[PDB]
Every structure is written in structure tokens, then in C-alpha cells.
Amino acid sequence: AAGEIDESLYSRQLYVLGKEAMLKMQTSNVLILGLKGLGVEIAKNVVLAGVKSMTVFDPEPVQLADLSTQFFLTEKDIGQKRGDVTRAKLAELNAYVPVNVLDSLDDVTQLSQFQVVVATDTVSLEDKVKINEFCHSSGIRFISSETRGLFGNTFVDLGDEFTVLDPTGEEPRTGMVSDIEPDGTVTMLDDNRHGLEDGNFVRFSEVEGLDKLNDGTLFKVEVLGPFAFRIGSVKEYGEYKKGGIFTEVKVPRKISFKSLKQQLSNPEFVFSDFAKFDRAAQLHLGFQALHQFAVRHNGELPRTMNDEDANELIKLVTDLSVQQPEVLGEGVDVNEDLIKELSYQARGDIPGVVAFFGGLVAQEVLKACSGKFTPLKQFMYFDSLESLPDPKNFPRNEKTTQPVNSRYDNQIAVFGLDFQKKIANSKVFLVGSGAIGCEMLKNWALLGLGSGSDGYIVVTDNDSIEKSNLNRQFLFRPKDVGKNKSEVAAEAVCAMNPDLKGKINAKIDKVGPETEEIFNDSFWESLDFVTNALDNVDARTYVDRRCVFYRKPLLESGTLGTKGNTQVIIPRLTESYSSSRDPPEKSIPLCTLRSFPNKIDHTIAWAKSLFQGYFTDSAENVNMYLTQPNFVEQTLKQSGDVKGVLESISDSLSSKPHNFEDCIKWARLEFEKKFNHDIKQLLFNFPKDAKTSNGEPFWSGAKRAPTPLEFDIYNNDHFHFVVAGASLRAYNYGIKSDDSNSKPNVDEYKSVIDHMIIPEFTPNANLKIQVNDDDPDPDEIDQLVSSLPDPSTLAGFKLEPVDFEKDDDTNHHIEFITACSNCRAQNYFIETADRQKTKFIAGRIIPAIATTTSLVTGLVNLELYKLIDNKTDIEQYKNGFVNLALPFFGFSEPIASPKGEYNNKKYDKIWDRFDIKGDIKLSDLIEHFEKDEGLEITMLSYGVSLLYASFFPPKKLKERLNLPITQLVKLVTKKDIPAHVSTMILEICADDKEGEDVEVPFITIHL
Amino acid sequence: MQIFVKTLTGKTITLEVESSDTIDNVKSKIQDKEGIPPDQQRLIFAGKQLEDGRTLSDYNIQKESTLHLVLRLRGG
Ligand SMILES: *NS(=O)(=O)OC[C@@H]1C[C@@H](n2ccc3c(N[C@H]4CCc5ccccc54)ncnc32)C[C@@H]1O
Ligand SMILES: [Cl-]
Ligand SMILES: [Cl-]
Ligand SMILES: [Cl-]
Ligand SMILES: [Cl-]
Ligand SMILES: [Cl-]
Ligand SMILES: [Cl-]
Ligand SMILES: [Cl-]
Ligand SMILES: [Cl-]
């Protein structure tokens, strides 16, 4: 009995892919050939996303070197078959997805039972071509992928006829219309952009005067400017009067793919990095050359670091170019150095590259199953050669790179033994142990990072594991729910690589200002670098500040559905995260919320705030008033809204319910207030047909004339408003629900409500209602104070406040907000939204999926190699930007840190500072600056408070000049410096040797 | 001449520009079309992020070149 989706597990993925896409995924059987690193990584991501079945084929024996990137293998599995040994561990990732083993692929006919077949590095080109031909001609979707050291590729072939249902996954563009001219020119209301492109399609509703333009018909968009687009003539439909909302529609696109055989000699490229576009053709030849080589050398790849074999590869590539001068184009030479490196690295198995292709290919599998997002069409090549260290520090030759009979051998194959040991003796702080965190720790387990006697890993995360996390936090199991993320993740990766036994310090502390006693000078100074795995901006800003202060590199990343990004912050080199602004969260105007909504986002906001006030704030206020003897005197002199707070207490204590029946009543009376009386009030001030000073109708554009609601228990939203309201109210007052063991019953509520006197509405003639945020706002408080009961008549009466939890479906919260928003939506003729959508907005949920998370984490660990080598050439580093939907990959050299000058002295405006050893006297500080820096201190301050200025008269200088900085702060702030504090940042202004104010670094005082 | 700006959501904006135009200027034109303040714009082309006060010519931006308008994301 399937055709439905587990929202509690798939919640966040569901907001990326959508329900239709996932229903198609749940009918698709996927087959993966080869279960080395690449295969298991692809499989993991696909199994997490939830397809109908996963089948894995790898009859090869496990060897120690396979552990380089195959996180589900162990030394105990050596000799046994990769497929058999991996199966059970993939199964544990998602109990809804059976994971099977194909024993044998002697019969290609067995492919017919699968909808998508994926061929990894274990499958020869000869067999990839046979298998592709079978798949292509039978309607089976085919994807292949290969990693070879720091290089990699992927190939996609979805057959002759594949339909893309949604090219991007973006919210359809929508907007309000003020005019439609006869030639089809649609002008937007006020200064709202349509945000469409030429060749988008749109449908309309509410356009008065053009009847059938609203019937669902699509119109092709010709963009005229930011504020208008044209749809072709509309004089046939009538003449525009007023109103109208347009809605973008994604139309289906049929596309065709070519076989692998055709694409080998005539490929279509998607580029991984436009800085390296010339390399795509070269590598296309190079990866074919590796297969030709293997055919010549009994299935062996070139030898690690070996010139003889590399020259053979260059000959092989040159024969493909001389034979067909059309993959490289006329008169274009083979890049012999590039091919040389491909030979040198061909046996390499690099965690970050595997992670990149694993995320990518897994998402391409999902596209293949669903028609969601734009497929990769058809070949992409990739390299991260910038990750190679300087050979002067870590030389690469046949000796340094040889296997040492360890799990790291095919990492050593690329970087050398010495480099690998420096990775193991690194000391790192990982801030977060969720999606990025889990992927990060897996990658570090695979690197052996922190495994050496000089190294360690500290990971901290202050959350416990919730169910929806399991969809992309692959180290957590259903039975780990409720435990702490960091602790569980640390244990999990130690099973993956026991070299990290006792090397990970899993902490549960919140990073920030309240934990600096723990994460202190000594803690930070000890680290080599810091990596963020965070879910919010303020935390990133905080870690950034501290990285600057302690001069530590920072590896930053982030995701939002299929979109992602990486950033590197290098001491003394680059700008920091804080250096650049991101687009802020747009705020809704207050009048729009309070009186004139037109989008469900507005009704949800309003309903969420109503929820806070009804079931959280009014309770906290009652509890404060009963427990703080000075509350009323406090509130009167430190609240903007005084009257609100006092009515909230008066109301809270005079209506006290005695049973659930009273809670139901209260809720039904609130329905009348909010959706009936308040609306009739707003219409009393502004009638349907009201006009403004120009004589144009008041209700037009963003203003939708409301109708009052007539309560109707059969209406879902009216019902649930009352159910959820009553159940929450009961929770506040400690009353047991009739609901707390089972479903709400319509007839039960109906028989309470049917017997109620609902008081009729009378208007207030003096209520002003604010029409704009520009426009102003417009004794009885001594009466309100007199009305409040003495707290001694309510001894030990607590109200229990509600604490918004969006991910518990039994708690009525999303039930309330959804119903309350929708009742308001009914009022204003806005399309009602369901629970999943209301939860997304009210709960501020970030869409997330494992694919993007692995890929972005992969790219971070390709930049990590560059920190290990202490790279100071900014041109070697890559900030990354992705969107797997498109698919799109772009990279950029970090921005350099801005520099300054004072006197003849160059300085870094982010990184440089004046370190003063000791609790120096003010006079000695001022002197040190003139004597040693050429600087005449002009102001000196500690945070908010001013310690010295050159304009101070002599009386004031006498008090301060002889004081140590700590006593000087004491004099001015009247605070002690706390005991725990060991550094103080002082900001200064100064004049240089000419007597001119100059910008200069900050000061750190080391106590 | 004509350049293109592709956004991270797949959108293609077309701009009328000259080789000597400042990046400041291209951002100005992008603001006119998209409404994004120049200070919130991250432009990238051929492996470089485009900096205020340099020119299109400085980054070797030809006719038909495609710039990417990219973002940082807060999820993790
Ligand atoms: N991407 S995810 O899987 O949804 O979540 C990963 C996060 C990382 C971890 N987390 C988030 C925030 C953390 C902090 N300190 C923050 C809290 C607010 C604040 C203000 C100012 C400075 C810092 C901070 N510390 C530790 N871990 C954090 C939880 C979740 O798994
Ligand atoms: Cl959908
Ligand atoms: Cl279906
Ligand atoms: Cl088993
Ligand atoms: Cl091979
Ligand atoms: Cl937030
Ligand atoms: Cl909240
Ligand atoms: Cl929960
Ligand atoms: Cl949604």
C-alpha cells in the first residue's frame, strides 16, 4: 500500500526534490557496477534519497588499498568480495530501500530489471560500451564515472527520449499586474520586478476584462524591461479593466542523448571550471588512453610516478589526436604535461575527488529517475592539480610515492609518504557535526587526518540527533536519535578507520561568547586550522573573527538544496568571511502584515506571531507578574507596548478555563474576533468601495478587500483552528485534553459550539488604522493596574508556556499556524497552503540533501591539501560555487586582503595587529607607538569606552597616564576586568609623522 | 558589445557594455536589471572574482563572454 512519502524522514529532501520526483524515485531500481570509493559514495547518496531498490555488483576481493576511499570496508574484510561486504552497511542507511547483490553479470540481459545503471572505475571501456549500448537501445538510463587521482569524469546518457519536468527547482516567479495593453504588454504594479527571462511561460488569474486569459492557458514571455513583459496580442480576449496575478509555469522539455560510442569520438562537454576549459578535450583523450593502455598491459593502469608509462600514454593520446583532429580542434597540440600527470596519478584514489563525483553522479541518478532538474549533457571532466604540494617541500618520484602496505597507499601514490604524515599530524577544529560535519569527518577518517602522534581532531556540536537528520547525516542510525551529534559521529568514523581511536575529542559545547572559558587562547593557538560545518551566519561570523584574531586558516562551506559554496580564509593572504556582505533576509512591511496581506507568507507570519502571543508570551508574562514584585513598576517604565502586556495578564487571569470545554469556547470566540469582528472593523474604516484623495479605489494592487468568515466546522481550517487553539490553551492552563490520547471528533466540538452565544459585532468609531509605515500610529492604564489580581490570591499558579517545536506532528503547533494562516487567507481571498508548506515558512526550514553536502565537502578537502603545504600563492586557492540542478560549477581565486600604509610601513588591514606583551602603563603605550611605530596616538578605546585622547586636558592625563591598561579600564568603566580574560583588543586612531590621521592596525594587550 | 550574466538559479541576463567599462559599472547595470545592490554581487569569470575599480579589459572579457553571479549559502 505505497504511493505516499514519510515526511518525518524525508522532510528536508522533500523541499528540494518535491513529492512527484520522489514518487518516481520510489519506483526506480538502480544498479551500481563497482563498489570501490566512487561506487559506495554514489550508492550511499542514492540509498539515502530513497529509490525503490539498490543493487550493487562487485565480485572483486577487498584489498587493503581499497580502504583509501571505501569507508564501508575494514581490514577484516580483506579477501572477501566488495559487493557482499558493503551490502549490509548500505542497507542500514535507509530501511525503506532494499540493497541487493548481483552475483554475476555474465548475462547483460539481467540489466533489463533496472531503470538506471551506473558504471564506475571498475568497468573497462569495452564493457562500458557494451553495457551502454544495451541500456541505450532498451530504454535504460546509463551513467558512468571514473576518478584517477586528482582527475575525474562523468558521462550521462538517458536515451533517445528523456523529458525534463523542471529545469531548476526554483519557486515559480509570480507577481501583480497593473496593466495589460492590447498588444500584450504586461506592466507590473508599482516597482515590482517580474523576474522572468525571454521564453518563460506564464498563466494568469484575476485579470478582469480578459475572461479567458485566466483559464490556465500559457503565454510565452518576451521581456521588455525589468518591469514589463509582452505576451502577444490579447485584443482577441477583451479589454483590460483591472487586477491580475501572473504565475510562471515550467513546461516540459524533450531531450535526446547519444550513446557512449558516439560521444567518445564526438563529445558534448559540460565544464567543471571555465578557467580550465581547454583541458576538457585533453582529458577526454587522456581517459580513453588509460583504457587503451590497460588493454595493452593486461588490465593494469600506468605505474605510479613512472616516466616510461607516461610517455606511452602521451603517444597513445597523440595517436587519438593525429587520427581525429576534431576532439582537440585543428592545429592544437597535445598538452603533454597534463597527460603526464594523468599517467602519474592514474592509480590514485583521492577522498575529495571521489566525494565530488559521488555527490554529482548520485544527483544525476536522481535526475534520471525523476525528470527533476536539468541533466548533465553529456561529459564532464575535472581536475584539482592545484592541490599538489610544491615538489621542493614534498618531492614526488617512484620512491616517495610507493605503497607502504597501508590503507593510504593510493593517496600516497599522489602526494608522497611525507605529505601524508603531515596530514596525520595536523591538529584541527571542526565546528559542527551535522550534514557537512558528518561528511567532513568521513573524509578525515579516510585521509588519516589527526591520526599521527602530533595530531588530533576536535569537533564540537551542541545538538542532538533528530529523525529528519538521518536523511543526510549518514553516520547516524535510527537508534542514535536523541544522542549527541558529535559524540556519535566520532565513534562512527573510528569504526571506519581505527587509526583515529582516541584521537577525536567530541565536545557538546556551543561555540560563541559564553564558551570562551573553554575555547580559550590556549585551545585556538594550538590548532593548525579550523573548518566550519555550520547552519547559520552568526556562527560563521564568530568563528571568522576568531580565526582572524588567532591567525588560523578557515575552511568555510554552505548549502541550500542543490546550491553550495566553499570559501578559504588564509592568514596574511585573503579576505575573511566577514569582509563581504550577503543579501539580507527581506522584511515584510508592518502594515502589510497587520491589515493588507496578499501572499500566504504574510498570513503565516501573522499567524506565527499570534501563536507566540496566545501560547508563549502571555504565559511568560503571567509568570513574571506572579514572581516579580516589581514587574508592574518595571513594565510601566521600560516597555514601548505597556497596555498590551497589562491586558495580556488581565485577560489571562480573568478568563481562567476550568475544563477542556472552556478551552473550546475560548478558541471559538477567538475565531470570531480574528476572522469576523476585526475584519468587519477594517471594512468599517475602509468600505469595499472606499476611495483615496485622487478618487481611485482604496482596495487595489496589494490591497485585497476581505470578507468576514462565518464559522463552519466542516471547513478544515475553521475546525483545526478551534481544535489546535483549544488544545494549546489547555496546555497553558494545565488542563487535560479530550484529544491527548486520540483524534479530535467533529460532532463533539460541534455540540459545544452549537450551544454558544457568539456576541454580535459593534464597530468602534475612533479606531485609526495605519495604511503605511510612513504615516503615524494613533489614563486607562491606572484602571488596568487596579484590575490585576494580587499574586498572593494565586499562590503557586504557573502557566506553562509553549516552546515552538515544528518537527513534532502531535503537538498542535503547525496545526494551529496552518489553520490560523489559512483562515486569514480565506478572509483575503488568498490560496490556502498545507502543513508541509506552512512548516517550511513558519519554521524557516533550509532545504537540504546529501548529494550537495558530499560534493561541497569534497571540494573543501581539496583545498585542505593546500593548507597542509602552507601555500602563499593566492592563485593556487579556489573558492567554489555550485548548483547541481543545472548542473553548474564555478571557481574563483580568493580576494586578497586589503592593505594599507602609515609612514613607510605596509600593513594588512585584516590580519596585522600590534601585540603588546604585558599590562602596560598608558604612558608607556603612547611612547612605544611614537618611538617604535612613528605614530602619535590620538584616541585609544576598549570596546565602547574611551581610555585616552590627545585632546584631554592635563588634570585628566595625570589620572590616566600612570595606570596599567586594566586599571585604566577600571577607572573609566567602573568594572573590573574579569579573572578569565587574558587578551584585550584596543582600537586606536593616530597621526603619522606628517601630523595626518592614518588608518592603522588594532592592538592586542597580552595580560 | 554584448556580455551575458548567468545567475546561480539559471537566469541569463544580457548587458550592453564596452571593454573599458569598470566592474563598478557592470554591477550598476546588473542592479538596474535585477535590483541587487553592487556590494551584494559576487561576479566570477575564468577563475577570477571581479573586483570593484578594475575594468572588463583587465579580466580579458570579450564579446559573448559569460560572467556568473554567485552566492554563499548558510545551510550545513
Ligand atoms: N547543517 S546542519 O546539519 O543542519 O547543522 C549543522 C549544525 C552545526 C551545529 N551548530 C550550529 C550552531 C552552532 C554553535 N554556535 C552558534 C549558535 C548561535 C551562535 C551565535 C554566535 C556564535 C556562534 C553561534 N556551536 C556549535 N555547534 C553549532 C548544530 C548543527 O548540527
Ligand atoms: Cl511537486
Ligand atoms: Cl508514480
Ligand atoms: Cl549480510
Ligand atoms: Cl580500468
Ligand atoms: Cl535564522
Ligand atoms: Cl522560533
Ligand atoms: Cl523533535
Ligand atoms: Cl515549498
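Numbering of chain A is taken from Swiss-Prot, so the residues present carry the numbers 10-787, 796-1024, in order.
Looks like X-ray crystallography, 2.8 Å, at least that's what the header says.
Yeah, the Cβs are placed from backbone N, Cα and C, and that goes for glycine too.
Database features (Swiss-Prot):
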type	residues	note
BINDING	A:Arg21, A:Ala444, A:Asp470, A:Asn478, A:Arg481, A:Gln482, A:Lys494, A:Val520, A:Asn545	ATP binding site
REGION	A:27-579	region '2 approximate repeats'
REPEAT	A:27-164	repeat '1-1'
MOD_RES	A:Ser265	phosphoserine
BINDING	A:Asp472, A:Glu475	Mg(2+) 1 binding site
CROSSLNK	A:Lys595	ubiquitin cross-link
ACT_SITE	A:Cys600	active site, glycyl thioester intermediate
CROSSLNK	A:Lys608	ubiquitin cross-link
MOD_RES	A:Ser914	phosphoserine
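Applying an under-8 Å Cβ distance to chain B, the recorded positions A:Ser265, A:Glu475, A:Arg481, A:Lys595, A:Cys600, A:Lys608 reduce to an empty list.
Within 10 Å of the C-beta of A:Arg21 (ATP binding site) we count 20 further C-beta atoms, all protein chains included.
Within 10 Å of A:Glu475 (Mg(2+) 1 binding site), judged by CA to CA distance, lie the following recorded positions from the set A:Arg481, A:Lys494, A:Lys595, A:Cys600, A:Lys608: A:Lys494. A:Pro787 and A:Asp796 flank a stretch of 8 residues with no modelled atoms, and their CA atoms are separated by 16 Å. Neighbours of A:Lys608 (ubiquitin cross-link), defined as other CB atoms within 10 A of its CB across all chains, total 18. The distance from the Cα of A:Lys595 (ubiquitin cross-link) to the Cα of A:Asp470 (ATP binding site) comes to 29 Å. Helix, strand and coil content of the repeat '1-1' (A:27-164), in residues and according to DSSP, is 58 helix, 33 strand, 47 coil. Taking all protein chains in view, 27 other C-beta atoms sit within 10 angstroms of the C-beta of A:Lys494 (ATP binding site).
A:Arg21 (ATP binding site) has A:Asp472 as its nearest neighbour among the recorded positions A:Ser265, A:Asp472, A:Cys600, A:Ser914, going by CA to CA distance. Close to A:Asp470 (ATP binding site) in the fold, though at least 6 residues off in sequence, lie A:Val440, A:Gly441, A:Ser442, A:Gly443, A:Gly446, A:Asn493, A:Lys494, A:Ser495, A:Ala498, A:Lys516, A:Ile517, each with a CB less than 8 Å from its CB. Considering only the recorded positions A:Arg481, A:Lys595, the Cβ with the fewest other Cβ atoms within 10 Å is that of A:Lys595. A:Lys595 (ubiquitin cross-link) falls outside any helix or strand according to DSSP and counts as coil. Pairwise Cα distances among A:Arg21, A:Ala444, A:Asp470, A:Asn478, A:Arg481, A:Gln482, A:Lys494, A:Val520, A:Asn545, which the record gives as the binders of ATP, peak at 25 Å. Ranking the recorded positions A:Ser265, A:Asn545, A:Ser914 by other CB atoms within 10 A of the CB puts A:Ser265 at the bottom. Neighbour list (A:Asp472 (Mg(2+) 1 binding site), Cβ cut-off 8 Å, at least 6 residues apart, same chain): A:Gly443, A:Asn493, A:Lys494. Look at A:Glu475 (Mg(2+) 1 binding site): DSSP puts it in coil. Nearest Cα neighbour of A:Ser914 (phosphoserine) among the listed recorded positions (A:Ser265, A:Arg481, A:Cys600): A:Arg481. Less than 8 angstroms from the CB of the residue listed as 'active site, glycyl thioester intermediate' sit A:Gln779, A:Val780, A:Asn781, A:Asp782, each of them six or more residues away in the same chain. The Cβ of A:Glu475 (Mg(2+) 1 binding site) has 16 other Cβ atoms within 10 Å, all protein chains considered.
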